[PDB]
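Visitor: There's a structure below that I have some questions on.
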Amino acid sequence: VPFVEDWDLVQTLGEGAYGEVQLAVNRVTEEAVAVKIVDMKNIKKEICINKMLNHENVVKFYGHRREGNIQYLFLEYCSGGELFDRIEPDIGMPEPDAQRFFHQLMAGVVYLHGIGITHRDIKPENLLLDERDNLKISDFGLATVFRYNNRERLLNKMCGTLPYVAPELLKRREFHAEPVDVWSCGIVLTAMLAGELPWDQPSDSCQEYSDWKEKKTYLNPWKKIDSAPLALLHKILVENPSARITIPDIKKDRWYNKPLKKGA
Ligand SMILES: CC(=O)Nc1cccc(-c2cnc3[nH]c4cnc(C#N)cc4c3c2)c1
């Protein structure tokens with residue numbers, strides 16, 4: 001069928017460092033995809049990782065075409081946009097909605113970690129929603145292999161987003177990858193349930209961070225969060241990444257398993 005590889009770029013979905021992500025609609029089928037435009041004048045690795053990914057809570061990769069200097073990455077389109085725009089400032093969102101998004105977040109992260117991949121920059125800006133509000137992890141531009149041939153590699157590159165970074169990345173030369181993603185997922189949860197981020201960064205100089213370690217949960221964001229999800233956050237946002245809760249244990253947490261939401 002003629003024309004079936006022609007795509008009209010119809011709308012900018014986002015504009016980072018690389019360039020842009022455009023909504024693309026097929027000339028013939030009208031299938032909608034997201035196309036990432038990355039002017040190579042680092043993405044080879046983003047593509048490399050994207051080729052490994054196949055899961056319902058991970059933005060699917062379809063393929064890429066290079067034309068001269070620009071690379072075109074063809075990616076699953078998520079019509080619900082970014083989790084960020086479901087978080088009402090200072091309020092957050094209804095707890096059953098946060099729990100469902102957190103469930104889906106975990107399934108995605110479990111998957112990635114299973115294939116030896118760390119995202120390194122989980123935040124509501126990078127967590128996308130499809131037409132049925134299913135969450136999908138996006139943007140693998142900072143992602144990296146932390147396990148290959150069943151051997152773990154400790155990380156050392158400082159990367160991610162300060163309010164979402166785990167404290168070890170600021171304090172230690174090297175660190176395990178998985179606890180960093182678990183930590184960012186907890187800050188995402190906090191934001192979902194409080195509509196505010198708890199600190200500019202998790203350093204002992206950061207007053208809001210010291211207060212959290214001092215267990216001042218009569219202060220915001222923590223006062224807004226119910227005891228049950230707050231109890232989970234006390235297990236996730238633990239300074240020592242060796243003592244921090246693992247994802248298999250997050251799946252056993254009382255809040256995680258609390259019935260709250262009716263089906264679609
Ligand atoms: C109406 C509408 O579609 N709004 C809206 C808003 C924000 C992000 C998006 C968005 C929708 N679908 C996507 N699919 C992607 C795959 N990879 C990247 C990267 N890196 C970003 C997106 C993306 C972004 C869509």
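Numbering starts fresh at 1 for the residues of each chain in the structure tokens, the chains themselves are lettered A, B, ... in the order given, and ligands are numbered from 1 as they appear.
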Compile a residue-level contact table for chain A against ligand 1 at a cut-off of 9 Å, reporting for every qualifying residue the shortest atom pair and its distance in Å to one decimal, with only C-alpha atoms and all ligand atoms counted, rows ordered by chain and ascending number, as a tab-separated table.

Guide:
residue	atom	partner	partner_atom_place_in_ligand_line	distance
A:11	CA	ligand 1	3 (O)	8.3
A:12	CA	ligand 1	25 (C)	8.2
A:13	CA	ligand 1	9 (C)	4.6
A:14	CA	ligand 1	8 (C)	5.9
A:16	CA	ligand 1	20 (N)	8.5
A:20	CA	ligand 1	20 (N)	8.5
A:21	CA	ligand 1	21 (C)	6.0
A:22	CA	ligand 1	24 (C)	8.0
A:23	CA	ligand 1	3 (O)	7.0
A:33	CA	ligand 1	14 (N)	7.2
A:34	CA	ligand 1	14 (N)	4.7
A:35	CA	ligand 1	16 (C)	7.1
A:36	CA	ligand 1	19 (C)	6.4
A:59	CA	ligand 1	16 (C)	6.0
A:60	CA	ligand 1	16 (C)	7.8
A:61	CA	ligand 1	16 (C)	8.1
A:73	CA	ligand 1	17 (N)	8.3
A:74	CA	ligand 1	16 (C)	7.9
A:75	CA	ligand 1	16 (C)	5.0
A:76	CA	ligand 1	14 (N)	5.2
A:77	CA	ligand 1	12 (N)	3.9
A:78	CA	ligand 1	12 (N)	3.7
A:79	CA	ligand 1	3 (O)	4.1
A:80	CA	ligand 1	2 (C)	6.0
A:81	CA	ligand 1	5 (C)	3.7
A:82	CA	ligand 1	7 (C)	5.1
A:83	CA	ligand 1	7 (C)	8.8
A:85	CA	ligand 1	7 (C)	8.7
A:125	CA	ligand 1	8 (C)	8.2
A:126	CA	ligand 1	21 (C)	7.3
A:127	CA	ligand 1	24 (C)	8.9
A:128	CA	ligand 1	11 (C)	6.5
A:129	CA	ligand 1	11 (C)	7.6
A:130	CA	ligand 1	12 (N)	7.8
A:136	CA	ligand 1	14 (N)	8.9
A:137	CA	ligand 1	17 (N)	8.7
A:138	CA	ligand 1	17 (N)	5.3
A:139	CA	ligand 1	20 (N)	3.5
A:140	CA	ligand 1	20 (N)	6.7
A:141	CA	ligand 1	20 (N)	7.2

Visitor: Would you kindly return, as a VMD selection string, each protein, DNA or RNA residue with an atom no farther than 8 Å from any atom of stretch 240-248 of chain A, considering only C-alpha atoms and excluding same-chain residues fewer than 5 positions away?

Guide: chain A and resid 106 110 168 179 to 180 182 235

Visitor: Could you please take those selected residues and save C-alpha atoms as a tab-separated table (two decimals), in the first residue's frame?

Guide:
chain	number	residue	atom	x	y	z
A	106	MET	CA	6.32	-0.27	40.21
A	110	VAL	CA	10.37	-4.00	38.27
A	168	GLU	CA	23.76	8.50	48.25
A	179	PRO	CA	17.78	1.91	45.35
A	180	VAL	CA	18.19	5.25	43.38
A	182	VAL	CA	13.18	3.23	44.32
A	235	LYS	CA	10.33	2.86	54.35

Visitor: Let me make sure I understand: among A:97, A:162, A:188, A:225, which one has the smallest atom-to-atom distance to residue A:206 if we use only C-alpha atoms?

Guide: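 Closest to residue A:206, using only C-alpha atoms: A:162.
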
Visitor: In Å to one decimal, how far is atom CA of residue A:262 from atom CA of residue A:92?

Guide: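 Computed distance, atom CA of residue A:92 to atom CA of residue A:262, equals 19.3 Å.
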
Visitor: Find the residue from A:255, A:45, A:249, A:205 that sits nearest to residue A:226; use only C-alpha atoms when measuring.

Guide: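 Using only C-alpha atoms, the shortest distance to residue A:226 belongs to A:255.
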
Visitor: Which residue out of A:100, A:177, A:218, A:54 has the minimum interatomic distance to residue A:258 when only C-alpha atoms are used?

Guide: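 The closest residue to residue A:258 is A:100.
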
Visitor: DSSP on the backbone, then: every residue of stretch 119-228 of chain A marked strand (DSSP E), written as number ranges by chain.

Guide: A: 127-129, 135-137, 144-145, 147-148, 151-152

Visitor: Do you have, as a tab-separated table, the list of residues of stretch 163-255 of chain A lying at most 10 Å from stretch 93-96 of chain A, each with its nearest atom pair and that distance in Å to one decimal, counting only C-alpha atoms and ordered by chain then number?

Guide:
residue	atom	partner	partner_atom	distance
A:189	CA	A:95	CA	9.9
A:191	CA	A:93	CA	8.8
A:192	CA	A:93	CA	5.8
A:193	CA	A:93	CA	5.9
A:194	CA	A:93	CA	7.6
A:195	CA	A:93	CA	7.4
A:225	CA	A:95	CA	9.0
A:226	CA	A:95	CA	9.0
A:229	CA	A:95	CA	8.9

Visitor: Rank nothing, just name the residue among A:24, A:52, A:159, A:166 nearest to residue A:117, using only C-alpha atoms.

Guide: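 Closest candidate: A:52.
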
Visitor: DSSP says alpha helix (DSSP H) for which residues of stretch 27-145 of chain A? Put them as a ChimeraX atom specification?

Guide: /A:43-50,95-114

Visitor: One decimal, in Å: what's the spacing between atom CA of residue A:146 and atom CA of residue A:116?

Guide: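 Going from atom CA of residue A:146 over to atom CA of residue A:116, I get 5.4 Å.
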